[PDB]
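Notes for the one structure printed next.
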Amino acid sequence: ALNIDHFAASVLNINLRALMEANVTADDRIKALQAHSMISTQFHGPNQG
Amino acid sequence: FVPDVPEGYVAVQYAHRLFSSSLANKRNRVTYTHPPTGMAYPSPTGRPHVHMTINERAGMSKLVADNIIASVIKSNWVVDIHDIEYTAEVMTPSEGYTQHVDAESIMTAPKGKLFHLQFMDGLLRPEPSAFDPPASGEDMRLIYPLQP
Amino acid sequence: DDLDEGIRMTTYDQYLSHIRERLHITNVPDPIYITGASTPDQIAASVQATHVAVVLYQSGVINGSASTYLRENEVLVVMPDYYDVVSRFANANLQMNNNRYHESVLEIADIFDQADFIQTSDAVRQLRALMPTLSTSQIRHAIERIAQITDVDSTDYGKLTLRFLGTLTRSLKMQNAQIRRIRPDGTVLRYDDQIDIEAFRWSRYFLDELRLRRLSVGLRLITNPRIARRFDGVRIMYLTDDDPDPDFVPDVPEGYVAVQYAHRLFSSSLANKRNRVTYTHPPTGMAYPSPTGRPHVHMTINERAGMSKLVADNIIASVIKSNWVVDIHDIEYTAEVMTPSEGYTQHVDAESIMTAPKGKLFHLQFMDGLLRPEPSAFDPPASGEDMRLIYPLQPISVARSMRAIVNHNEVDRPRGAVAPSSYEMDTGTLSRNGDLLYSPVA
Amino acid sequence: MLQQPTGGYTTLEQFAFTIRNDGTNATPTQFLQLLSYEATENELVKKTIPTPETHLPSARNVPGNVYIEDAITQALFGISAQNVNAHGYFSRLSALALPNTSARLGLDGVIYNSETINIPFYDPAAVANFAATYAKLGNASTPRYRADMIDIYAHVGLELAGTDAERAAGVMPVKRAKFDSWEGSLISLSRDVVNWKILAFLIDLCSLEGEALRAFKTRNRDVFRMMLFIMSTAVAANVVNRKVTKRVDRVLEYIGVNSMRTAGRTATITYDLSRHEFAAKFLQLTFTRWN
Amino acid sequence: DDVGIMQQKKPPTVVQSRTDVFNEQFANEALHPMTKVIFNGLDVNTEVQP
Amino acid sequence: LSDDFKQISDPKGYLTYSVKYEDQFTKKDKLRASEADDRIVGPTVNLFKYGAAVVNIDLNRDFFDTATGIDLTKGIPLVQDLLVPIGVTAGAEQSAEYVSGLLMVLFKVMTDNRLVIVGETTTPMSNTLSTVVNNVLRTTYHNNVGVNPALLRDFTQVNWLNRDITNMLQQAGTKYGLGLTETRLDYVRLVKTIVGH
Amino acid sequence: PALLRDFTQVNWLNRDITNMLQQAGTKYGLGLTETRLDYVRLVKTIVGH
């Protein structure tokens, strides 16, 4: 509970909701790499999730 | 001499799809699945007695390509390979061994390569004496043929 | 039963030392002899005059009615030597004569209720039966050392020096030395007042009230379950897990055969093409000439002295390659907990744990790890890791008070953390006269 | 002591259970409805459960004033617990079932050696039959004794959304739960259930008899369903939010199947690998004993 | 319960048995919790995704 | 006059406190209080710094010192010589060096002679203390106050630990309190007066 | 050939000594056995070893 006005307070609150909510797991970045190399290349590593 | 599957075992196939990385306690460790029951087993210990056969070493992440061997020595896992060529030959008692393949070069090497092994005969081996203080240490074997 | 009641047996020599010279100070006729006949009537009537309630056993068989009068009244019996107690009273109907066995306790001489005597309590005896038995020259040496650590030197002590003999030395190990009068022949007399003053009545040689009151309190710190940090024995196993805290005794698995270690069950015989050290299963009488399937057992080494080499390895190899649960006892060690960060500072070997001298206590540190931040989501995995080879069976944590004062999440305790006890946080009041009190509760 | 009330220890009312439906608390019965069920073309079969090996860890008495009841509630529902399956706490508990032991289970959930006056507890006989059965969970982790997981969950589902003709029969179609939402609702209910004194509900699930039991199961059929749902949340794989009208809605992806991980790392509570090892051997005892 | 930033402490890991004839003895071994890797010099994942 | 026992300013004690810190567990909330809110519950806060691994009790490293042969680096009171093999040379380490050291720590406590003398004491005001640290102080505290749990009643950010403390200092079974307290042996004059601290 | 009753590797011989020496007939001993004190002076004089 701060002292910034209700506009900037409303802006920062909406800017935070869409970061916590909207989801992108490590897997989604590993699914994209399988589109820029010789088909059949195998990726391993970071836990899917 | 071809050692067989002792007794209670189950032959499973291999796919990178069954060797995934997960989180147990406070560390990241590669986890097995055992398809006929769908379990976890986060360590190379307690893993059910399998007869896992491998057709091709393609997507063998050198980490999980190792973890199989580390589980052979701690759960009596009986593994297999089919794309390997070798020209091992019989050897005499004395003179013994010379060069030997590494238990890692025989899991992460090119498919084309043809490396030779070296086997022992042991029939004209000199036996122990009558009264003698017994010496310690034991002999091990890791890679057997299946031809014969 | 109850591990209590029944009858109270004491050896005659223990009686004469403590009980006899103490009930002798007062004017009570010596304890009545137990009757060969039955006297379940006056057993306590003659014991009423003496007050101690102990009765001297002599000869014959104790009566059936005198067998129960001893049980109810809490009276004590002193037999010269107990090979048995069966024939002493002939337990008639119920089973007692020599079946539902005895135990071991202490008396503290509470059966008197006369003040100014018996100043020392139970705890001094417990301290005594802990050290090795001291010889005459050792006691003389020990007296000298404590004396010179506080400056006051003993140029000569107990030793008499005649000029035509040299320097002869006596012993210094008295016990309950009660300065008493000698009759002309060379015999101790007794206590006949009006001839021998009041200063020679008792007492433990000490500075009146001051020392006895100081020793009484200080003796209790010595026998406290927080100071004694010399834990005994170590169990050796090869399960591989690791755990948050130290002092984690890994219980023996579900189905095992517990074999007593002998200097015989390990024999040397030929197998295949060479000489090997072989185990011999006691219940089934077998071979097993290699450290593989044994099958698994629960070993227990007592004499880790004459065990020698080669055999010291077949034990330390079968634990690894067959899952044997071994054990040691003569090993003595001082344990101290170690913070997760900073790690270990000293590491011992499994070969040295089989050759360590009997009375040489080394310290071996145990790792904690309750407060250690886990790894990040993105990092390299692991392959077939840690195996721990030793375990204390005590547990090795007596000094605690409180542990790991860090919060979890924001409002709850981390799993396995303790807070200070409601005892070190209670200032009481003075006694009705002398010392310190507690609450009082409720 | 409180002796024991006939008809349950849960009919006492000093300690009950109320999910906090936002600004206003409620009853478990009242919360279950806000959720509807979507039948998908998937089917599960009710699989029988194996017996539990009898070999609870031996008695040790390390001095810790162990919060055994607190530890139990933490792992199943607790938000990101740590070292839940460590050996030392349970071993101490098993001492409890022993006839004639100076070791009383505090009413508040803290275990003691000897006793106290200022603190009332549960009579030694009520706890004796309790620890006879939940001490076993202790060693659930051992390679040999360890319990299943990918299959006990064929029961979780019938209870959460089990239609009455479905738990009458054997097979239930794979459902998809969806209910109204307040955004931080999944974590919010999980933060709340942690304080139910779940000890009370269990220390009497082994003391109640033939008739008193028939009445117990027919009343608390909710207090059980509740902790079952909150638990089944961590397990199911995908959480999809639906934005309709002016409303917002949470969908739990599959009530009856162990995805093996994640649920939503952010939208809910997550289960480590030393959790499936635990929550599994837990349900293997409450379920069997329950039915 | 949080991910540490400052580097931690290690046993640290050591390589051991590989070839097709060992003849090990199990002398020494320390008894302190350690780690033993089969393959020599692994840890291969040099890809960094900003 | 003979002069048997000698007097000291502040008493020592036999049992002291130890700690092993974790130098990576710092809270980002630098809290603050008054000066009399500080002094009474001051050094006790800096013995239980946020993120302490283990805080155990044992024999004092000071009272029993090498001036009396007593040596304890390990946690065990180890003396160098007391009971020993005579004909044979001693050992580099022996288990007997303990049953002899425990017999030596019992000697020092017995031959004690010390009288506590009130010195340094100051009195704070009611306006300058938290309502929690007030009804725990009996008018006048001793300035050189020692470490103690329960005193850190409400000064630790460790939210969990703060609980049990309040519960135990509530059940009427225990009552903590430092300062000049009431006594039976009171006004009894010998040279000055007997007060109880 | 009795003081080694538990120090020799030779297995057969060991069991034998610890059987005829353990026997209810004989017994081994070593060191100070007893002492004869003095009448007037009161010191140890003739010791048996």
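Protein chains in written order, with the numbering used here: chain A, 562 to 610; chain B, 39 to 186; chain C, 1368 to 1809; chain D, 623 to 913; chain E, 9 to 58; chain F, 4 to 200; chain G, 6 to 54.
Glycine included, each C-beta is placed from N, C-alpha and C at the ideal position.
1) Here's a check: name, in chain order, each residue in its chain whose Cβ is nearer than 6 Å to the Cβ of residue 1333 of chain C, leaving out the five neighbours to either side.
2) Whether or not the stretch 1722-1735 of chain C and the stretch 1693-1701 of chain C are in contact is what I'm after, with contact meaning three or more pairs of Cβ atoms, one per stretch, closer than 8 Å; do they touch?
3) Shorter than 8 Å from the beta carbon of B:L101 to some beta carbon of chain D?
4) Can you pull the chain C neighbours of B:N105, defined as C-beta to C-beta under 8 Å?
5) Please classify D:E831: does DSSP put it in a helix, a strand, or coil?
6) Could you spell out the range, first to last residue, of the alpha helix (DSSP H) harbouring F:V135?
7) Between the stretch 1604-1618 of chain C and the stretch 706-723 of chain D, are three or more C-beta pairs nearer than 8 Å?
8) Using only the alpha-carbon positions, how far apart do D:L821 and C:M1754 sit?
9) Which residue marks the beginning of the beta strand (DSSP E) containing D:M849, and which one marks its end?
10) Can you tell me whether C:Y1449 is buried or exposed? The criterion is at least 16 other CB atoms within 10 Å of its CB, across all chains shown.
11) For the beta strand (DSSP E) holding C:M1376, just list the boundary residues, first then last.
12) Distance, Cα to Cα, C:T1528 vs C:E1670?
13) So that I know if they touch, is there some Cβ in chain A lying closer than 8 Å to that of C:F1733?
14) What are the residues in the stretch 880-900 of chain D lying within 7 Å of chain A by C-beta distance?
15) From B:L61, B:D159, B:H120, B:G46, pick the residue whose C-alpha is nearest to that of C:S1750; which is it?
16) Distance check for F:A99 and C:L1501, CA to CA, integer angstroms please.
17) List the residues of chain A whose Cβ lies closer than 7 Å to the Cβ of E:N53, in chain order.
18) With a 10 Å radius around its C-beta and 16 neighbouring C-beta atoms as the bar for buried, classify D:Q636 as buried or exposed.
19) Taking only beta carbons into account, state which residues of the stretch 134-151 of chain B come closer than 7 Å to chain A, listed in chain order.
20) Quick one, which residues of the stretch 1795-1809 of chain C are near chain D if we go by CB-CB under 8 Å, in chain order?
21) Kindly list, in the order they appear in chain B, the residues whose Cβ is closer than 8 Å to that of A:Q603.
22) Please list, in chain order, the chain C residues whose beta carbon lies closer than 8 Å to that of residue 5 of chain G.
23) Along the stretch 572-587 of chain A, where does the CB come closer than 8 Å to a CB of chain D? Name the residues.
24) Consult DSSP for D:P746 and reduce its assignment to one of helix, strand or coil.
25) For E:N36, return the contacting residues in chain B, with the cut-off set at a CB-CB distance below 8 Å.
26) Excluding the five sequence neighbours on either side, which residues of its own chain have a C-beta within less than 6 Å of the C-beta of B:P82, listed in chain order?
27) Keeping to the same chain, check which residues put their C-beta closer than 7 Å to that of C:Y1436; ignore five residues upstream and five downstream.
28) Report the rounded CA-to-CA distance for A:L577 versus F:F28, giving the unit in angstroms.
29) Using a Cβ-Cβ cut-off of 7 Å (strictly less than) and excluding sequence neighbours within five positions of C:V1715, which residues of its own chain qualify?
30) Who are the near neighbours of B:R163 in its chain, counting only those whose CB is closer than 6 Å to its CB and skipping five residues on each side?
31) List, in chain order, every chain G residue whose beta-carbon is nearer than 9 Å to that of C:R1537.
32) Do the CB positions of F:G199 and F:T184 come within less than 8 Å of each other?
33) Relative to the alpha-carbon of D:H777, which residue among D:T640, D:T910, D:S724 has its alpha-carbon at the smallest distance?
34) Closer than 8 Å, CB to CB, is B:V68 near chain C or not?
35) Compare the C-alpha of C:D1368 against each of C:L1797, C:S1488, C:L1461, C:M1498 and name the closest.
36) Can you name the start and end residues of the beta strand (DSSP E) that D:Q652 belongs to?
The relevant details are as follows:
1) Residue 1333 of chain C lies beyond the stretch modelled for chain C, which goes from 1368 to 1809, so this question has no answer here.
2) yes
3) no
4) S1750, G1751
5) coil
6) 134-137
7) yes
8) 36 Å
9) Element bounds for D:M849: not the beta strand (DSSP E) but the alpha helix (DSSP H), 843-857.
10) exposed
11) 1375-1378
12) 47 Å
13) no
14) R883, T884, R887, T888
15) B:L61
16) 12 Å
17) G606
18) exposed
19) none
20) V1808, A1809
21) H54, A96, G97, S99
22) A question about residue 5 of chain G goes unanswered here, because the residues of chain G that appear run from 6 up to 54.
23) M581, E582, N584, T586
24) helix
25) Correct list: empty, because the minimum Cβ distance to chain B is about 14 Å.
26) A108, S109, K112
27) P1407, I1410
28) 28 Å
29) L1731
30) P131
31) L47, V48
32) yes
33) D:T910
34) yes
35) C:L1461
36) Looking at the DSSP string, D:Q652 is not in any beta strand (DSSP E); the run it does join, the alpha helix (DSSP H), is 650-654.
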